[PDB]
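Below, each chain spelled out in residue letters.
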Amino acid sequence: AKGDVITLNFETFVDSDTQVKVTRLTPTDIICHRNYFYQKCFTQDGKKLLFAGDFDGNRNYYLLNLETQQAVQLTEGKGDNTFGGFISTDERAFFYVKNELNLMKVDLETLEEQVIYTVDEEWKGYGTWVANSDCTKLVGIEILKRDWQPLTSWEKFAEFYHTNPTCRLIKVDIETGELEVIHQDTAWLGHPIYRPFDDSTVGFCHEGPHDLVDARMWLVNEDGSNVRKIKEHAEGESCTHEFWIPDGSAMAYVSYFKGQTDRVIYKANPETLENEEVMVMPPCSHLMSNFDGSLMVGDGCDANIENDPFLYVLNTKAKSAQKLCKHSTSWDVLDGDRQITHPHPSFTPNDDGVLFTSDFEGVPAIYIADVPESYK
Ligand SMILES: [Mn+2]
């Protein structure tokens, strides 16, 4: 029940291949996972952590006190989207979506909840809400209910893309609760993201197969004008995994050229709109950077070869990737949920560690791998 407290045991072990220290935060007998890597889950001091677990028979949100090893239940009941959740800039509250209908704001102190927005009967919420740096406005996208189709299989994926569904990129005001359509279109839109310290810019993209798609690297101003593509897109080049670097210095992404058998990370200037290569990309699924983009972490995955179960800590400046420790996750889909099993590596607020999920000990749990100065 909302408000309850649970005392956890932190067990630290040494990785057999890198000697790097790794500590498990959650029990090995109950399902737990971290939120999406681009969403804030750590307080600046690095003492509080937001995460999800089934302690109360339901996938709910908890706030873990790293120095007390005690976690308090933030939300109760069923219907929580345990991935999109995030902590406010003032760290006095976190936001999450319940029943895919109501955007909630929760006081981390009183645990009081406030529904700040409720999707209209005409639309369907899609993607994850992303707050602006000041945490006064939220951006997101929605799909016209009539145009909505359940994406069951890949056959249904491409199918939906061609149905050219009408989607809109909206902006909601935390204070007023009023929505403002900043961009609409009869195309499948997605992944809306406010430019870190610049409410002016809002990056979004076109969903669908990376092949039969014009381009996904899109940008548009808050007012709704200057809709443009981040990169010109070279014939044969596919871009993905885009994400704003925390400080807002640039839009980092990964591109792959057919016939080059090599993936390379790229940084795009939000203002100059000029892209530039940064370094190679080891075989990884997700990619997240440091605050300034000087460090990056990656998810080793599957390509007589061999599946890569390692986490990578890339050094932007030195342009060098290095194996940190091992996550050894079974990318299995639990109860239709394909994301709980994803490591979703993210740096700790001061870069001394990397938080990630894994089910190698049997069930999905949360770990924090230390990150030595040599970036081992
Ligand atoms: Mn993922």
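Residues numbered from 1 in each chain as written, not as in the entry; some residues may be left out. Heavy atoms only, no water.

Trainee: Is there a simple way to think about the overall build of the protein in this case?
Mentor: A tally of regular secondary structure across the protein gives 1 helix and 30 strands. The C-alpha atoms of the protein give a radius of gyration of 20 Å, which matches the 21 Å a tight globule of 376 residues would have. Expressed as lengths along the three principal axes of its C-alpha atoms, the size of the protein is roughly 50 × 50 × 40 Å. Here the protein holds 376 residues, and the buried ones make up 53% of them. Total accessible area on the protein is roughly 17,000 Å²; 47% of this is exposed by carbon and sulfur atoms. (Helix = DSSP H or I, 4+ residues; strand = E, 2+ residues; numbered from the N terminus. Rg over C-alpha atoms; globule rule 2.2 N^0.38 Å. Buried < 20%, exposed > 50% of the residue type's maximum accessible area, 1.4 Å probe, protein only. Areas by Shrake-Rupley, 256 points an atom, 1.4 Å probe, with all protein chains shown as cover.)

Trainee: Help me understand the coordination of the manganese ion, please; the structure alone is not making it clear to me.
Mentor: In an ideal tetrahedron of four donors about a metal, each angle is 109.5 degrees. In an ideal octahedron of six donors, the angles are 90 or 180 degrees. Within the protein, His 286 (NE2), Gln 339 (OE1), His 342 (ND1) and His 344 (NE2) serve as the donor atoms for the manganese ion, at 2.0 to 2.3 Å. The buried category is assigned to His 342, whose relative accessible area is 10%. (Donors = N, O, S within 2.8 Å, 3.2 Å for Na, K, Ca; no water.)

Trainee: How should the packing of aromatic side chains be read in this particular structure?
Mentor: Two descriptors summarise a pair of aromatic rings, namely the distance from one centre to the other and the angle between the planes of the rings. Counting across every chain of the model gives 20 aromatic pairs. One aromatic cluster is present, built from ring pairs that chain together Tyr 126, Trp 154, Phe 157, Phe 160 and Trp 188. Sitting above the plane of the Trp 244 ring, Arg 195 keeps its charged end 5.9 Å from the centroid. Across the ring face of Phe 310, the terminal group of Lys 323 is positioned such that the distance to the ring centre comes to 5.5 Å. (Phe/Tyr/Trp six-rings, centres within 6.5 Å; stacked < 30°, edge-to-face > 60°. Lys NZ or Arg CZ within 6 Å of the ring centre and 35° of its normal.)

Trainee: Please clarify how the sheet that holds strand β19 (residues 228–229) should be interpreted in this entry.
Mentor: Across the sheet, which stays open at both edges, the 4 strands sit in the order β16-β17-β18-β19 with antiparallel pairing between neighbours. Each edge of the open sheet is held by one strand with a lone partner, namely β16 (189–195) and β19. Two elements, strand β18 (residues 218–221) and β19, share 2 bridges in a ladder whose sense is antiparallel. Counted as the bridge partner of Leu 219 is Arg 228 from β19. (Pairing = 2+ DSSP bridges.)

Trainee: Explain the nonpolar core to me, please; I cannot follow it from the model alone.
Mentor: The nonpolar side chains of a soluble globular protein tend to be buried, and buried together. Formed by 32 residues in total, the largest nonpolar core has its most connected members in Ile 265, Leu 287, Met 296, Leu 324, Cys 325, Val 354 and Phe 356. Of all the secondary structure elements, the ones that give two or more residues to this core are β21 (251–257), β23 (275–280), β24 (284–289), β25 (295–300), β26 (310–315), β27 (323–326), β29 (353–358) and β30 (365–370). The leading source of residues in this core is β26, at 5 residues. The residues touching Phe 356, leaving out its near neighbours within four places in the chain, are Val 22, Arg 34, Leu 311, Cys 325, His 327, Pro 343, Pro 345, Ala 365, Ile 366, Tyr 367 and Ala 369. (Core = buried A, V, L, I, M, F, W, Y, C linked by side-chain atoms within 4.5 Å. Contact = heavy atoms within 4.5 Å.)

Trainee: Mind showing me how you'd approach the pairing of β29 here?
Mentor: On a regular strand, one side chain projects to one face of the sheet and the next to the other, so that they alternate. Among the 6 residues of β29, 6 are classified as buried, and the element is accordingly described as predominantly covered. Alternating residues of β29 divide into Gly 353, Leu 355 and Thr 357 and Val 354, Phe 356 and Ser 358, and every residue in both groups is buried. By the bridge criterion, 2 bridges tie strand β28 (residues 346–347) to β29 in an arrangement that is antiparallel. Along β29, the bridge assignment pairs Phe 347 with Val 354. Linking two consecutive strands that pair antiparallel, namely β29 and β30, is a turn of 6 residues; a positive phi of about 115° is found at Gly 362 within it.

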